[PDB]
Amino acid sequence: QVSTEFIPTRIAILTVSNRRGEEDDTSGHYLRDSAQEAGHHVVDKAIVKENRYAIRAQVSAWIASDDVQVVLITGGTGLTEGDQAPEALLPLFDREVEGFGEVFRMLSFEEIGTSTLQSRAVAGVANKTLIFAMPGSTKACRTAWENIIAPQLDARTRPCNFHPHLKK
């Protein structure tokens, strides 16, 4: 159940934004850098429009692929008309990992207050592919990565983590 050595996971990163460009993709850059620095391999990275169909095409390709084990998504979880991440992803999940959105909103409430109601972070599993959708804010991503995701992607984490159950 628990390994004595760090075991790298294969991660794909996605930025949902109509204007965001590689240059001004701060959350995308943050997740890539944090992942690489922790020892994981980032095998793909893309930026898509806030479009529900563009999100489904990229994420479904990764769900069906042999190598992507984890998908990290930033953006598109807001309450506007164009925020489509949750709508695009929920129907693709085999199962939802409810502890993620709850613990994230809990930590986020202490950090930014009632503004945490403005985001709909959610995680799920499809074809053994782990998918985490977080807000576009870089601080939100740091809160999610350091206190929640990184620990669970680390094979040495007691009492248990995702390692044994990931694709391949």
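All residue numbers are counted from 1 along the displayed sequence.
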Comparing 22-30 with 124-132, which has the greater mean CA B-factor as deposited? 22-30
Between 147-155 and 11-19, which has the larger average Cα B-factor in the PDB entry? 11-19
At the C-alpha atoms, which of 70, 46, 54, 103 reaches the highest B-factor in this entry? 46
Sorting the chain's modelled residues by C-alpha B-factor, tell me whether residue 38 ends up in the lowest, middle or highest third. highest
Residue 77, C-alpha B-factor rank within chain (lowest, middle or highest third): middle
Looking at the temperature factor on the CA atom of residue 137, which third of the chain's modelled residues does it land in? highest
When the deposited Cα B-factors of this chain's modelled residues are ordered and cut into thirds, is residue 108 in the lowest, the middle or the highest one? middle
